[PDB]
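Each remark here refers to the structure printed beneath this line.
In listed order, ligands and their atoms are each counted from 1. For the single chain, residues carry numbers from 1 onward in sequence order.
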Amino acid sequence: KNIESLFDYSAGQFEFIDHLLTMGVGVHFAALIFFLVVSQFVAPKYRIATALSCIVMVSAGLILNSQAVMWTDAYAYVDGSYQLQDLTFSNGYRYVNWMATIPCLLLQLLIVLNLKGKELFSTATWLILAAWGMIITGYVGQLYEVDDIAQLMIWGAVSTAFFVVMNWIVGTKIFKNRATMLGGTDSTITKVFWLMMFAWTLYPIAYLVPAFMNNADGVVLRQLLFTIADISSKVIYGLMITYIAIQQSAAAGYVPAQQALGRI
Ligand SMILES: *C/C=C(C)/C=C/C=C(C)/C=C/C1=C(C)CCCC1(C)C
Ligand SMILES: CCCCCCCC/C=C\CCCCCCCC(=O)O
Ligand SMILES: CCCCCCCC/C=C\CCCCCCCC(=O)O
Ligand SMILES: [Cl-]
Ligand SMILES: [Cl-]
């Protein structure tokens with residue numbers, strides 16, 4: 001059902017995708033240790049934001065590791081190329097994982113924006129429903145990326161409408177609550193918004209590769225785009241969130257955060 005199953009791969013293509021996925025595992029688990037160790041410098045009111053980064057690192061790291069092993073299970077070197085065997089490889093497992101990781105990425109943003117109480121709960125609910133609508137309609141669309149490109153496009157348009165509305169909610173909350181943020185992080189948080197807009201827009205570009213580059217090099221490109229996007233949207237983003245959490249912690253008087261920042 002997916003374009004990966006259509007092609008034999010050169011050794012260079014096959015090895016490069018394997019190395020991409022494996023490097024992605026290493027980066028996420030390396031970053032996990034960082035977020036774990038610095039969580040003791042985050043004030044209680046923000047510490048869940050850094051815990052969420054830990055959860056996202058393991059969740060994303062496990063899906064990338066599962067994809068890497070599925071890639072090597074599915075293909076074997078036969079008659080000079082990597083050819084599909086009895087098991088298949090597909091990107092559908094990424095979509096299922098996004099059902100958990102996208103809410104985690106959004107929730108840590110809302111925590112450092114200082115939303116609390118009812119506004120936090122209600123903003124998180126609408127965001128998570130919009131994200132789940134995006135993910136589910138995209139998952140259906142990519143079931144047709146070989147059989148029915150028209151259908152891929154239409155479900156992709158519906159998914160993109162949820163994406164746009166979600167981003168509208170996020171941006172409205174950022175620009176509305178910028179003013180509450182401590183330690184100069186009202187300037188930082190706007191950069192986080194732009195980082196999200198850039199990095200999350202790479203996923204719909206990967207989703208469209210079947211329409212514009214249906215060949216083995218398009219398969220490689222899609223995994224390359226996922227890799228750039230994953231590291232940007234989860235690791236670099238989490239580092240910025242953690243920086244904002246620690247900076248606001250210090251400005252609110254949390255002594256471990258003041259001492260951590262002073263040490264650098
Ligand atoms: C770490 C994973 C992240 C940040 C996943 C982000 C996924 C998206 C923003 C998916 C977006 C889509 C569209 C906007 C339309 C095409 C179908 C999707 C689901 C790929
Ligand atoms: C900011 C996140 C960066 C993600 C790092 C991804 C690493 C990509 C490295 C450079 C790509 C150049 C490699 C050449 C690909 C050869 C294709 C082939 O083997 O046929
Ligand atoms: C086994 C896979 C091979 C690749 C292993 C990767 C080794 C880790 C390298 C750096 C990962 C980038 C994340 C950096 C952690 C945050 C620390 C910081 O920059 O302040
Ligand atoms: Cl606190
Ligand atoms: Cl993920």
Practice item. May I ask which of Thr227, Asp217, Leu20 has a heavy atom nearer to atom 7 (C) of ligand 2 than the others do? Key: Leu20
Review point. Of all the non-hydrogen atoms in the protein, which one sits nearest to atom 5 (C) of ligand 3, and at what distance?
Key: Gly26 CA, 4.1 Å
Review point. Out of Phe34, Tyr243, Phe35, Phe29, who gets a non-hydrogen atom closest to atom 20 (O) of ligand 3?
Key: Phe34
Review point. Which protein heavy atom lies closest to atom 19 (O) of ligand 3, and at what distance to 0.1 Å?
Key: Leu239 CD1, 4.7 Å
**Study point:** Protein non-hydrogen atom found under 4.0 Å from atom 2 (C) of ligand 3
**Key:** yes
Check your understanding: Counting only heavy atoms not in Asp147, do more than 12 sit closer than 6.0 Å to its CG atom?
Key -> yes
Exercise for review: Take every heavy atom of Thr22, measure it against each atom of ligand 3, and state whether any distance is under 4.0 Å.
Suggested key: yes
Practice item. Return the residue, atom name and 0.1 Å-rounded distance of the protein heavy atom closest to atom 11 (C) of ligand 2. Key: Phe16 CZ, 4.2 Å
**Study point:** Closest protein heavy atom (residue, atom, distance) for atom 8 (C) of ligand 3
**Key:** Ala30 CB, 3.6 Å
Exercise for review: Indicate yes or no for a side-chain donor-acceptor contact from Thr50 to the backbone of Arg47 under 3.5 Å, with no hydrogens or angles considered.
Suggested key: no
Study note, to complete from the structure: What one should report as the nearest heavy-atom pair of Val146 and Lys1 is CG2-O, 3.4 Å
Point to revise | Residue, atom name and distance, where the atom is the protein heavy atom closest to atom 15 (C) of ligand 3 | key: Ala31 CA, 4.0 Å
Review point. Is the backbone of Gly156 close enough, under 3.5 Å, to the side chain of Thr160 for a donor and an acceptor to pair up by distance?
Key: yes
Exercise for review: Kindly say whether the aromatic ring centers of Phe163 and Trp200 come within a distance under 6.0 Å.
Suggested key: no
Review point. Please state which protein non-hydrogen atom is closest to atom 12 (C) of ligand 3 and give its distance, to 0.1 Å?
Key: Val27 CG1, 4.0 Å
Exercise for review: Under 4.0 Å from a heavy atom of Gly12: give me the atoms of ligand 2 that qualify, with their elements.
Suggested key: 19 (O)
Practice item. Spell out, as yes or no, whether a donor-acceptor pair under 3.5 Å connects the side chain of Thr185 to the backbone of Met181. Key: no
Check your understanding: Under 3.5 Å, side chain of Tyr9 to main-chain N/O of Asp217, donor-acceptor pair present?
Key -> no
